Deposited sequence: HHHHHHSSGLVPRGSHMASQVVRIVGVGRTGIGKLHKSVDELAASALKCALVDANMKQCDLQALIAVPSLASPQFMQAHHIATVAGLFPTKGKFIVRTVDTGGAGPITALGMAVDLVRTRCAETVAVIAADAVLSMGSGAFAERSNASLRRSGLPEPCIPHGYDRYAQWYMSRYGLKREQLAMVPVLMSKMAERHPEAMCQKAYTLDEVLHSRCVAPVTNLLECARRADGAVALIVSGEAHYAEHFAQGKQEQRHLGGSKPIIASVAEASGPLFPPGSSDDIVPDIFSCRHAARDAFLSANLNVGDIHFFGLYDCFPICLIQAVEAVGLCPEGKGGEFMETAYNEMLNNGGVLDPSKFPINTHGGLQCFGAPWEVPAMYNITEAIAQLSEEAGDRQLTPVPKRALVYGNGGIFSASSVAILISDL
């Protein structure tokens, strides 16, 4: 059809589950079909993303085979896409494509990994290998992000302490979510005295490795109601999805870096246009946050504050918090009320899915102690890949 909604959501718990990637992927898919009032047979496509713990040739085909989705009710398109942490939204965009071009009317999007159970040595070897030719000291991704952090300090006047604040705010958010890995909030000093991983990035500022899988069912507005029917927020309209890209790793000069290297605003800029919406009208933001500089660059890009003022955005919330509890009220910082990759958890390419599930929870008034009030009608979700290498942004709204 033309209007396409997220019609089902299924996920496993997050943490150390001691289960294989195929085991996790299958469970998330069985939950999502139950949540959508569907059977396997009612699905006509699947897009999935690669797993770091269990790398696999034709992963979506491998997952779809092992989960027993075959034989199928006719044609059945299967695809695997790799854009790193931007993946789940990229695939959500393709899912809309398949429904719009009528190659399939319902699409499942799956992300699954087990990078916590894999062990610190294995995760390090595999994640660091992925960045060959970067010239990045180990750990490569944190040092890769570490470099952009350091470059930001000198061009825009960002403060080191503004970095360390990013995990403070996410921790405040995490403790109202029972499933989040971080259940005890951090202090700004706790973060700074944490074991140094890269020069301006400490341990508590790194994404929180976790196992987990999430599945989404995507369907056409018209198609779904006649066979399986606020199912606005609860089964939101995907208004738009858009992408943009950049280098897989930063330049080796520490400078020569330029504002167009960062790729998030153009993805966001495009998603608004397809949706006929804009930023002041978005009141829940799910923003990728693998390291402090990643979340900082993001709030600029979707349009919550001007370029360069991203460190300032966090502090006013951190200050607004300190002289108020410190209770971080969602409604003044309606951003990553789940804790993000910092404090909810980060299964490699999976965790952008958690921005989507938290968008639906806020939109469906299912956010508990974390509920944004008044309830937002529209949400923005963001996934980022590599080291600012892939950006894809979606717009989810309850009502048209």
Identify which parts of the deposited sequence carry no C-alpha coordinates, going from the N-terminal end onward. 1-18, 248-254
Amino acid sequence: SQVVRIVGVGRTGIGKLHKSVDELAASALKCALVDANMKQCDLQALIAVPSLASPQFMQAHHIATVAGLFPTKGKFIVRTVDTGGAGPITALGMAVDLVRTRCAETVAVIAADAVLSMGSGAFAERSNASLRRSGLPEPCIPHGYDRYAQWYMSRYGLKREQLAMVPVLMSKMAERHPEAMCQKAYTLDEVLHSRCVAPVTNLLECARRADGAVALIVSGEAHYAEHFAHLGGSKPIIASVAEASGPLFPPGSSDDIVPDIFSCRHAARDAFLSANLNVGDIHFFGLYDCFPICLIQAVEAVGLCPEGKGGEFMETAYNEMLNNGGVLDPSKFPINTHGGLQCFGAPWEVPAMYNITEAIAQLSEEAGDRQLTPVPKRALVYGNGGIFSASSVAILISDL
From here on, numbers count along this sequence of modelled residues.
How about residue 254: is it missing in a third or more of the other compared entries? yes
Can you check if residue 195 is missing its coordinates in at least one third of the other PDB entries compared, counting only those that model the residues either side of it? no
Mean Cα B-factor comparison, 70-78 or 188-196, giving the higher one as deposited: 70-78
Stretch with higher mean Cα temperature factor, 323-331 vs 211-219, is 323-331
Specify which of 268, 112, 279, 95 carries the largest Cα B factor in the deposited PDB entry. 268
Which listed residue, 87, 246, 310, 139, has the largest C-alpha temperature factor in the record? 139
Could you look up the Cα B-factor of residue 37 in the entry and say which third of the chain it sits in: lowest, middle or highest? highest
The third of the chain into which the C-alpha temperature factor of residue 118 falls is the middle
Taking the chain's C-alpha temperature factors as the reference, tell me which third residue 364 falls into: lowest, middle or highest. middle
Sorting the chain's modelled residues by C-alpha B-factor and splitting them into thirds places residue 235 in the middle
Residue 343 CA temperature factor, ranked by third within the chain: middle
